[PDB]
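What follows is a single structure, written as C-alpha cells, with notes after it.
Here is how names work: the chains are called A, B, and so on, in the same order as the sequence lines, proteins then strands, and each is numbered from 1. Both ligands and their constituent atoms are indexed starting at 1 by order of listing.
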Amino acid sequence: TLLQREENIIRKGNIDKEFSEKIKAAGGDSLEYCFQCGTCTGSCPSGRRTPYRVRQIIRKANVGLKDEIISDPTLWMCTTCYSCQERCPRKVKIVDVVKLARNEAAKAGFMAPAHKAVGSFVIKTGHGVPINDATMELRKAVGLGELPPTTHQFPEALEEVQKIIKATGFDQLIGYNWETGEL
Amino acid sequence: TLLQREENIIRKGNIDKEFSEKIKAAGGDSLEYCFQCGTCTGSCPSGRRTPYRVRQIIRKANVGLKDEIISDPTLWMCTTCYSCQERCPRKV
Amino acid sequence: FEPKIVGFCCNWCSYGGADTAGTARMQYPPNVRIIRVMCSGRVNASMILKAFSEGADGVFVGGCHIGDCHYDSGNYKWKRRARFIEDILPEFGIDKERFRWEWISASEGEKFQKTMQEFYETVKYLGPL
Amino acid sequence: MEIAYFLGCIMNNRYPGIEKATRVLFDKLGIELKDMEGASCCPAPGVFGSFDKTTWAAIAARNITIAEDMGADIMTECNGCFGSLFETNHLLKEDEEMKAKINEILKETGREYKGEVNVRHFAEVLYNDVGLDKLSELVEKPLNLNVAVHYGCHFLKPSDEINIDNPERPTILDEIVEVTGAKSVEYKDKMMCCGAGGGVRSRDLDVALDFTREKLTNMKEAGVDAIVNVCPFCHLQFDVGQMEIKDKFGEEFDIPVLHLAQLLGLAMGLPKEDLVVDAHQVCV
Amino acid sequence: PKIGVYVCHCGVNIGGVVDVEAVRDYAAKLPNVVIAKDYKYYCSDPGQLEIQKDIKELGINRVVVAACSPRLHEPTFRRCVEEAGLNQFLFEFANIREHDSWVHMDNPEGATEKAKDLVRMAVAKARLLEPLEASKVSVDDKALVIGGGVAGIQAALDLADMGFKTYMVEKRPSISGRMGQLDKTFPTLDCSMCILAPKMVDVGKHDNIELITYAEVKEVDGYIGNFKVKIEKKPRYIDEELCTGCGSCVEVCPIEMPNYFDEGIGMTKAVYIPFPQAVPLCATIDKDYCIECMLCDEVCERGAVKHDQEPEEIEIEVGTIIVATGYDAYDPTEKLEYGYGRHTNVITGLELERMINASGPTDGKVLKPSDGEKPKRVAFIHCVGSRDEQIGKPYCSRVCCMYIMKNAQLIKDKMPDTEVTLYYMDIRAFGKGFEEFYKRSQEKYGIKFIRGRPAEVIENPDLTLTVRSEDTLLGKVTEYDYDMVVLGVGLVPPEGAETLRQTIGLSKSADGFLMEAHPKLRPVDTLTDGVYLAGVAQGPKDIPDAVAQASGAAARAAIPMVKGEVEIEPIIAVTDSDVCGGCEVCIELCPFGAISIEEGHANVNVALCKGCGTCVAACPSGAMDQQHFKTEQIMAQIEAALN
Amino acid sequence: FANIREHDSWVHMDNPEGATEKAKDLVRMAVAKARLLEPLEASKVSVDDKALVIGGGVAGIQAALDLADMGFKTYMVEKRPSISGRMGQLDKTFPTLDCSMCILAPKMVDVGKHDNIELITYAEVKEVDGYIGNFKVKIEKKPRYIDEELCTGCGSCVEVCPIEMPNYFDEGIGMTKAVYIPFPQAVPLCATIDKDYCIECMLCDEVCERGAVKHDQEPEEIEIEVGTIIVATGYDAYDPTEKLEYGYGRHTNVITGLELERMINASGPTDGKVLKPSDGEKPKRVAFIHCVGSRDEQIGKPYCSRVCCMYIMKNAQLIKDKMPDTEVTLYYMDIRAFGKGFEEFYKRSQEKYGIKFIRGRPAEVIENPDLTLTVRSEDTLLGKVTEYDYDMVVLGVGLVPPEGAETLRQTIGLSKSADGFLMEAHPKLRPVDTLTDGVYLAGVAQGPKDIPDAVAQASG
Ligand SMILES: Cc1cc2nc3c(=O)[nH]c(=O)nc-3n(C[C@H](O)[C@H](O)[C@H](O)COP(=O)(O)OP(=O)(O)OC[C@H]3O[C@@H](n4cnc5c(N)ncnc54)[C@H](O)[C@@H]3O)c2cc1C
Ligand SMILES: Cc1cc2nc3c(=O)[nH]c(=O)nc-3n(C[C@H](O)[C@H](O)[C@H](O)COP(=O)(O)OP(=O)(O)OC[C@H]3O[C@@H](n4cnc5c(N)ncnc54)[C@H](O)[C@@H]3O)c2cc1C
Ligand code: SF4
Ligand code: SF4
Ligand code: SF4
Ligand code: SF4
Ligand code: SF4
Ligand code: SF4
Ligand code: SF4
Ligand code: SF4
Ligand code: SF4
Ligand code: SF4
Ligand code: SF4
Ligand code: SF4
Ligand code: SF4
Ligand code: FES
C-alpha cells in the first residue's frame, strides 16, 4: 500500500523551532533570507547523482524540520566544494549551515562507522591517515626521516592532542573507549 | 550507496514531446497554462496520505516525462473528486 | 548624578539625523539639549566655553559628513575649530572626553542614538565637572 | 625568508615524494622551511568539521600555535590543510569569544593561541613571494606535457575570505604550470570537485568515485597526459580512485597524478628517486 | 516683545508622553509671554485660525510653537503668521516631538523637564528676533530638458505646448532613446517606432523647442529661475543646416565601424545616420574611424561635409531643469558562469531587440551569431544583473520579465516551430494587462516556464549551450540544450551619470539612480529647487510610467515659471562697519565669495551669500553677524539650556 | 488619404500582383474623391480655463493643487464628507514605513485653503454635457444636516449623540455616532448626520454653540462650467466573501488587509493594537494570503492588483515591530517587489524581521473549535502539503473599481478596460488621456498602482 499518514503532511508536530534558533545562533543566521532560487542545487555536483538537494536542506532548516534533517543520509553527500556559496544571490553561508546540521546529526548518533574510524586514528596517532610500513621504507629510501616530525615522532605532542580531544568530549562523541582503545 | 546517475537529473533523453502533444490534442490542452500555484495539491485528499502530487503530475505532463508518469503508481491515487479542478485559478 | 549636556547640530544632516532617530523612535537618554544651526561652520569655541562655564558637563556637536556639507565647506572649518577646542579645554580642568563632535548624516538615526547613549555614559562616569 | 612547514597526513604518510620535491624546490629558492615539531592532523575538515566544530578548531589552533612559537607563517601544500588552518585562523582572530573558548581548551596543553601568524598556500607563496620570472629561471628541462589542472575546491573557496583568485575561472595554477613548459588543457567541468571532500570519500565511496569518474572522462576527452593538483587529498582521490574505478567498472584511464611540486621538480631536473614515483598507484 | 506660545498635542504623539498642561502653564509664566494655549492639531486649519485670531486680538508680535521639527512645518507657521500681518521671521519653533517625546518614552518626567527646557530655549531665542524682509527674485520662464528619450521628448513637448521656450540637449546625434531601438512593445505588441517617430518629428518642428543633439551639458551654475548652463556641442563634421540626410556619403564611405544604435551587432560607415527615422536627419562622422579620403565631400551635393568643424560652446539661461537621461543595459560579462562574451550564441535582451527589429542589422531575422541560421531552441534567463548580492545589484529591474516574455512571443510568431523556455525566479507581471500577457505567453504561444535560477551555461563543442539549472517545482536538476541563450539583463544608470549628477549637484539613491525629494508625494522633484526628474533617470520603469513622470515633471517645473518669482531667505551675514576692522579673515571662508572689501570694511553680497554662518563664527570682534542666528541669540539659548 | 498599408499591403502579402492592383484601384478611388473636394473653414471655439477634479484622494489632491498652482480655477468634487481617499486610512507606507497621514494632511489643508480651489465634499457629479473647453456639469451636494460655514469640528455633538453606527473610514471594524467626523484630520473639519441612524433627539442641536445643526437641510444643485475634467475616483477593496474556501465573513479571525491597516493605525478603532476579533487579545501566529481576488479565473479576476504583495510585507513588518514575539507567515505565488527599494524591502522582511515565506496558494482555511485557523496549503518548494495553525489570517485582497464607477463612466461617456478600470487613449504614450477630448485620468482610476505612480499620473 502507498498509504502512510505521517510522511506526506507537515504539521507543528514535525517542527522544532529551537533547532532553527540554535542553527541561526551558531553561525547559520543567513539561512533566514534564502528566497529559494535553486541556484545552489543546480551548482551542486552531488545533487546530480544522489537524492541530495541542498536547497531543500536550507528550506527545512528555516522551517525547523530537525528530525527530517539530522536523520537524512543525503545530508552527508555534501563535499563542501563551496560551489553553491560562491553563486548564491542572497549570500547565504550554505556550507556553514550544512556543517552545523551535520554537527547536530552527529550529536544525535548519525555518524558513519568510517568517520568514527578516522576519528579513532586521529586519537591514537594524531593522524587521520597514519603512516604504514611501506611508506616508512619509502621515506627512508629518499633521504627523509623514517617518521615525519609529527605526533608520530613526538609522544608528548600526541598526549597534547589526546588532552584536547578529551577536553572537547570528542572521544565520547564517537564512543572511543580509552581502556581498550576501541570504539 | 546513494549513487544513481539516471534518477537525479533530467535531460532530453527523459522527454517525449509526442506524449505532451497527444495529451493536449486529446482534451488536456489546458495543462499548457498551469503556473504551478499548488492549490490542487493542497486541495487533494489523496495527496495528504500518499506520495501522490497532482501538481507535479501536471508539470511532468507539460515537460513530457512520459515514462515517469505512466509507470508511476501514485497516478492511480486520484479519486476524481474534482476538488482541485473547482479551485484551480487557471481553470486547468 | 545626572549630567547636563548641550548639543549643537547642523540643520541639514545632524539635525536631520536626530529627527530620523526620533521618527524611528530610537530611545536615548534625555540629558542632551539640541541647539540648531544652519551649518556646523556656525559653531565656534565661544559657544563651547560658554556652555561649560554655565554648568554643562558635556558638549556635543554634530555635522554633515566631510564632503556632504550643504554649504560645501563649513564642516571643515568646524573640524579645525574642534581640534583647537580639544587642545584648549584640558588646560582648565575639562577632560576632552566631555567635548564630543561627530559627523551624522540626515538618515543616520541609529548612529545618532548610539552616539547620544555612549556620550551620556561617558559624561556620567566622569562625574560632575 | 623563513616559513613554518605544515605537512598534514596524506603527503608525509602516503606520498613522501611530494614532500621531498617540495623541500628540494624550496632549498633551490632560498626559502628556509622550518619543521613544525609535534604537528598533527590539521585536522581533516571533512570529518572533524562535520562532527564537532570545537574539536576541529582546537586541534587547528594547537597546530597554529606550534608555528606561532617559532614566529613564522605557516605554509601548506594541501588544500584541505590550508582550508582547515586558514578557516580556524580567521575565525579565532575575528571572534574573541571563540578565541577565549579555544584558549581555555588549549590551556591544559601548555599552549595559547595569539593570532600572530598567517596561513599561506604553497601555490600562493610560489606566485607572490618567488614570482613567475624566478621560477622560469630555475627551469632546466622544459617539459613537453599536456596536463589537466585540478584546482581543488578549498584552494580558492570561499573566495570572500581567501581572496587569492577568481574561483570560477582562475589562472594562478595555470600560469605556474605553464612556466614549466607544460600546457594546461581546458576540459569540461574543470572547476568540479573531485568528490573526496566533506568526508564523502569515507562515507559513500561510490559517490566520490563517480565524481572522480566524471572528472576523468572530461579530462580524457581533452586528451591530457597527466593530472596536476595542489592537494594530497585530491591526489589520493585521483590515484587510488582510478584503481578503484578499474576494479569496480573495469574502466581504464591510466592518467598519472602529479602534485604541482612534483611537476616543478620534473621541470627543474630533480633526481627521479626524489619524486618517489613508486608511491603512486598509477604508473607515471 | 509680546510672545504667544502654542503647544501642540499632535493627538497623543506629544500629549501621550509630555504633559501639555504643565508646559503651557510654564510658558504662560515665563517673562514676556502674554498668552499660552494648546490645541490638538495646530498645523491644521483650526489651529492656524486660532493663531491668527490670537495675533489679531492680543497683538502678539512674537510667536513660539512647541511642535514637531521645524524642517517639517516651519514654512506652514511662517505663512500662517504672515497672513495675520506678523512678520515671517519673528517666529520660533521648539522640537519636542522628534527630539523629546518620541525618544524618551520610558522617562515621562524627564521628557516633560526636557520639553520645559526646550520651550525656555525657544522663548529665549524668540526674545531677540527682529523682522527681516525677504527679497524676491524673478524666475526665468525657460526650461532645459537633458535627454532625448521618450521621457525627455514628452517633457519637452508638454513644456512647449504650455508656452515655455524649452531647450533639449541630447548626447547622441539623434533623439529617440531606447524606445527607438525596440521592435515592439509589451503588452500590446505594437510597433514602438510607429508611435515614437511622430513625437520625434514634433520635437524637431516645434517653434518653442531648441533641439541640440550630439551635445553635453558641461556646467550648471545658479539656482531656481536663474540657471546658467554651459553646453558643449560636439563636432559632427557635417553641417546640420545643410545636410538633408540623403545618405550618399554613407554609400561611398570605405570605412566600417560599429553602429551604436545596433548595440554592438550592427555595422555602419565612418559617416553614418543612426537610423532612417533620426531627428535631426543628419550625417555624422566619427573621426576615430575616418581616414579623410574626401569621398563624402565629393559625393555630397549640398556641401554639408565640414572636416574642419570645431566643438561649439553654447551658454543658455533657464529657469527650470528636467533630467531625463534614461539608462544603460547591464553588461553581463562579469557573470562568468553564463559565459557572455565567451560563448558565441549567448546574447542579451537588447541585442535580441535589435535583431528582431525589421530595420535592424539582420533585417528582422533571429539568427545564431555562430552560423547565421535560425535557432530551433531558445532559452531566456531572468534577473541577469539584478536581485543579486554577488554583484552588488540587490534591486529589481522591473521590465526584464515583461520584455523577456514579449521577445519570446515575437520569436514564436516569426518562427512558430521554435521552442522557447524561460528560467525565472518570480514572474513580475504587475502592470495593466501584464498578467493577461503572461497567461497568453503560455496559452497562445506555448512558451515554457521553468522556476529556477540557472547555475551555469556550458558551451558544447558544436557551439550549442547546455543550461544547468534546478527545476525547483520538480525539485530536480536539469541540463537542457539550446541553440541560443538570451540573458535578461537589467537596467543600470547610463555612462557618465556621475559626471552630470555632480555638474547639477543632485543626490543618488541606493540603486545608483537619481533620488527624488520624497519617495511617496514628490516622485519627480529633487531637493535642488528648480530641478526635476523624469523617466528611468529616477529608476527603472516602463514607457507609460516614464511618460506619466515626464508630464508630471513638466507640470511641476511649469508651476514656478508661471508664478514668475521666488523668495530668498534673508538668513545672511551682515557687517557692522563701525566695529569691523577690515581684517579680512572672513572673505576666504565664504565658499561662494559673497564677502568683499569696500572702503576698508567687509561687505557681503546678498545674491552670493547662502547663510552658512561660517564667517560669523570666524569673526573675533563680532563685526560679522548672521541674521536669525545672531551670537546673542545662540548665547541666550545656551544660557537657558543650563539655567 | 488612400489606405494601402493596413488595407492592402499588410493583408495580401501572398498576392503581390493582387496587392498592386488593389493599390491602383484605391488610389483611383482617392483621386476620384479628391476631384470634388472643396475648401472648408474650420470654426474655433474658446476653451474655458477651468478644471474639474472628481475624487479627493492623493491623486485628485495632487491634480487639483497642481492645476491651482498653475493659475487655473479648479473645482474638486468628493463623494465622502472629507478628502484623503485611501491614503488617509493607511497607517504607514511601503517601502519606507513612514506615516501616511503625517505627509498627506498638509496637502489636504493646502487644498482646503487654496484660493484657486473650490472644494465640494459630500457631493456627486450627476450630469456632464458638452465638449472640451465647454463642459457643463451638474453636481448634487448631499445634505450634511450640518452647516459647513458654521461648524468648527469641535465634536460636542458627537459626544452627546446616543446612536451608534459604523464608521465608513474604519472599514466595518469601527463605530461612531449618527453625527460623526470621519477622522480628526478631516478636511473640511465638519460634522455629518446620517439620517438612516438619526432619531431626531435634538441633543446635538442643544449642545452646539455655533448653531450649525440643520435638520431641515435639503440636497443642493450646483451647475459649473469647466474646460477640462480629471477623473481621480480611485478604487474599492475586493470583498472576499465569495471565496468560500477561505471563510471570510464566516470565520471570526479572518480579516482583510485594509481592515488590518485600520487596526494597526494608532488612530484606528483599536488604538493601534492588533487584536483578535474573537476575544480582543493579541494573536501569536498570523498568516497572510496573497492574491485574494486577483490572478484568479474562478472569479473572473485575471489581473494583478500590483500593491498587495508590498502592503502585505509592510503590515507583516509592522506587526513584528509592535509585537516582536509574533510569528508571521506569508503564502505567495510570486513576490512582485518591482518598484524602487521594493526588493530591498522584501529582503529586509526576512533578514531583519524574520517573516516566513511559503510559496503556495492556500487550498483552504478551516476554523477549529477553539476559533484558531488551519491553513491547508502545499509548500511547493518542499513539495508537500502542510496544515499550519494560526490565531489570525489576513487576506491580501486586491483592488477593484469603486462602487458607482459605471454610473460616473456613463455620465462622462468614457470607456473601460478589460479589468474594469477606465481606459487611456494609448497604453504607451498617452497614459493619462482618454479618447474623449478634455477628460483625463489620474491614479488608480486608470488601474491599480501605488502612491508615487498615482502622484506622477496626477501631475501629468
Ligand atoms: C530590451 C528592453 C526592452 C524593453 N521593452 C519595453 C517595452 O516593450 N515596453 C515598455 O514600455 N518598455 C520597455 N522597455 C523599457 C523602456 O525602454 C524604458 O521605460 C524607456 O526607454 C525609458 O525612457 P527614458 O526617456 O526614461 O530613457 P531612455 O530611453 O534611455 O532615453 C534617455 C536619453 O537620454 C540620453 N542621455 C543620456 N545621458 C545623457 C546626457 N548626459 N546628456 C544628454 N542626453 C543624455 C540618451 O542618449 C537617451 O537618448 C524595455 C527596455 C529594454 C532594455
Ligand atoms: C491595504 C492597502 C495598503 C496600501 N498601502 C500602500 C502603501 O503603503 N504605499 C503605497 O504607496 N500605496 C499603498 N496602497 C495603494 C494606495 O492606497 C493607492 O495607490 C492610492 O490610494 C490611490 O490614490 P487615488 O487618489 O488614485 O485613489 P483613492 O485613494 O481611492 O481616492 C479616490 C477618491 O475618490 C473618491 N471618489 C470615488 N468615487 C467618486 C465619485 N463618483 N465622485 C467623487 N469622488 C469619488 C473616493 O471617495 C476617494 O476619496 C495601499 C492600498 C491598500 C488597499
Ligand atoms: S542559492 Fe542561496 S537563495 Fe538560492 S536557494 Fe540556494 S541558499 Fe537559497
Ligand atoms: S558545498 Fe555541498 S551543497 Fe554546496 S555545491 Fe558543493 S556539494 Fe553541493
Ligand atoms: S491549481 Fe491549477 S494552476 Fe495551480 S498548480 Fe494546480 S493545475 Fe497548476
Ligand atoms: S480530483 Fe481529487 S484526488 Fe484527483 S487530483 Fe484532484 S483533488 Fe486530488
Ligand atoms: S504642528 Fe507638528 S506636532 Fe502639531 S499636529 Fe501638526 S505635525 Fe503634529
Ligand atoms: S552630408 Fe551630404 S551626402 Fe551626406 S547625408 Fe548629408 S546631404 Fe547627404
Ligand atoms: S572622409 Fe571619412 S567619412 Fe568621408 S568617406 Fe572618407 S573615411 Fe568616410
Ligand atoms: S522584472 Fe523580473 S526579470 Fe527583471 S529583475 Fe525583476 S524579477 Fe528579475
Ligand atoms: S572678520 Fe570681522 S573684522 Fe575682519 S573683515 Fe570680516 S567682518 Fe570685518
Ligand atoms: S554666511 Fe557663509 S555664505 Fe554667507 S558670507 Fe558668511 S561664509 Fe559666505
Ligand atoms: S455641529 Fe456644532 S457641536 Fe457639532 S462639531 Fe460642528 S460646531 Fe461642534
Ligand atoms: S438628533 Fe440625530 S445626530 Fe443629533 S444627537 Fe440625536 S440622534 Fe444624534
Ligand atoms: S501584487 Fe502580489 S499579492 Fe497582489 S495580485 Fe500581484 S502577485 Fe498577488
Ligand atoms: S550644513 Fe551640516 S555641516 Fe555644513
Side-chain angles (χ1 to χ4, degrees), chain B residues 38-50 52-58 74-88 92, chain C residues 37-42 69-74 76-77, chain E residues 569-575 585-596 602-619 623-629, chain F residues 144-146 156-165 176-181 191-208 212-215 363-364 376 378 385:
Chain B
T39 303
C40 43
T41 318
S43 318
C44 192
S46 65
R48 301 207 288 280
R49 64 209 83 216
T50 74
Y52 173 59
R53 307 282 179 275
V54 53
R55 174 186 64 74
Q56 293 169 23
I57 296 295
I58 302 297
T74 58
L75 180 69
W76 298 95
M77 293 298 100
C78 170
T79 63
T80 62
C81 77
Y82 286 96
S83 295
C84 55
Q85 196 167 307
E86 293 297 311
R87 297 163 169 179
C88 175
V92 178
Chain C
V37 286
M38 298 313 304
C39 182
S40 78
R42 181 68 190 83
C69 169
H70 189 82
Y71 308 93
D72 156 73
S73 46
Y76 294 94
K77 328 269 187 290
Chain E
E569 197 140 2
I571 58 129
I572 66 193
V574 181
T575 311
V585 308
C586 52
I587 288 117
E588 64 281 341
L589 306 171
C590 182
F592 324 108
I595 314 162
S596 86
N603 197 28
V604 188
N605 173 264
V606 181
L608 295 206
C609 186
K610 303 288 162 225
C612 73
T614 302
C615 64
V616 174
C619 187
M624 294 300 293
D625 217 358
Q626 186 178 20
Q627 306 213 119
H628 217 254
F629 287 88
Chain F
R144 270 177 199 261
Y145 307 104
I146 299 279
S156 320
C157 53
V158 184
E159 275 145 45
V160 307
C161 188
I163 308 304
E164 268 171 20
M165 77 169 164
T176 185
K177 300 293 187 63
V179 62
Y180 70 106
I181 298 160
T192 311
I193 306 180
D194 195 308
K195 285 295 193 201
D196 290 357
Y197 293 81
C198 179
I199 55 160
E200 259 90 4
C201 76
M202 292 336 132
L203 281 168
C204 55
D205 289 345
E206 272 142 72
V207 82
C208 184
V213 185
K214 308 292 175 83
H215 291 278
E364 194 161 10
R376 185 185 282 151
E378 191 203 356
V385 173

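In this structure, B:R55 pairs ionically with F:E378, as a charged nitrogen and a carboxylate oxygen lie closer than 4.0 Å. A salt bridge links F:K195 and F:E200; the closest N-O separation between the charged side-chain nitrogens and carboxylate oxygens is under 4.0 Å.
With sequence neighbours left out, B:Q56 forms a side-chain contact (heavy atoms from CB on, under 4.5 Å) with B:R53, B:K60. Residues that satisfy the side-chain contact (heavy atoms from CB on, under 4.5 Å) test with E:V574, not counting sequence neighbours, are E:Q627. Residues satisfying the side-chain contact (heavy atoms from CB on, under 4.5 Å) criterion with E:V606, sequence neighbours excluded, are E:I572.
Listed by chain and number, residues touching ligand 6 at under 4.0 Å (heavy atoms only) are B:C44, B:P45, B:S46, B:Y52, B:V54, B:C78, B:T79, B:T80, B:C81, B:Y82, B:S83, B:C84.
The closest approach between F:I199 and ligand 14 falls below 4.0 Å for a heavy atom of the residue. The shortest separation from a heavy atom of E:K610 to ligand 12 is under 4.0 Å, placing the residue in contact. Residue-ligand proximity: F:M202 is placed with a non-hydrogen atom under 4.0 Å from ligand 14. Residue contact check for ligand 12: E:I572 places no non-hydrogen atom closer than 4.0 Å to it. The shortest separation from a heavy atom of F:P162 to ligand 14 is under 4.0 Å, placing the residue in contact.
Close contacts between ligand 12 and E:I595 involve ligand atoms 5 (S) [criterion: under 4.0 Å to a heavy atom]. Heavy-atom contacts of F:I193 reach the following atoms of ligand 14: 3 (S) (cutoff under 4.0 Å). Under a 4.0 Å criterion applied to the non-hydrogen atoms of E:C612, ligand 12 contributes the atoms 1 (S), 2 (Fe), 7 (S). Every atom of ligand 14 with a heavy atom of F:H215 under 4.0 Å away is listed here by number and element: 1 (S). Within ligand 12, the atoms closer than 4.0 Å to a non-hydrogen atom of E:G613 are 1 (S), 2 (Fe), numbered from 1 in the order shown. Of all atoms in ligand 12, listed by their number and element, those nearer than 4.0 Å to a heavy atom of E:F592 are 3 (S). Atoms of ligand 12 found under 4.0 Å from any heavy atom of E:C615, numbered from 1 in the order shown, are 1 (S), 5 (S), 6 (Fe), 7 (S).
Put simply, the side chain of F:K214 never gets that close to the backbone of F:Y145: no donor and acceptor are under 3.5 Å apart. Without hydrogens or angle criteria, F:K177 side chain to F:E164 main chain gives no donor-acceptor distance under 3.5 Å.
Looking at heavy atoms from C-beta onward, C:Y71 lies in side-chain contact with C:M38 at the 4.5 angstrom threshold. Looking at heavy atoms from C-beta onward, F:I193 lies in side-chain contact with F:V213 at the 4.5 angstrom threshold.
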For side-chain hydrogen bond (donor to acceptor under 3.5 Å, both in side chains), just list the numbers for B:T39 and B:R87, CA-CA rounded to whole Å, side-chain angles, deciding distance to a tenth of an Å, and then say yes or no.
-> CA-CA 7 Å; B:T39 303; B:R87 297 163 169 179; over 6 Å; no
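For the residue pair F:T192/F:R144, the side-chain donor-acceptor check at 3.5 Å is satisfied.
In plain terms, the two heavy atoms of E:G613 and E:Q626 that are nearest each other are CA-OE1, 3.6 Å.
When non-hydrogen atoms are compared, ligand 14 lies under 4.0 Å from neither the backbone nor the side chain of F:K177.
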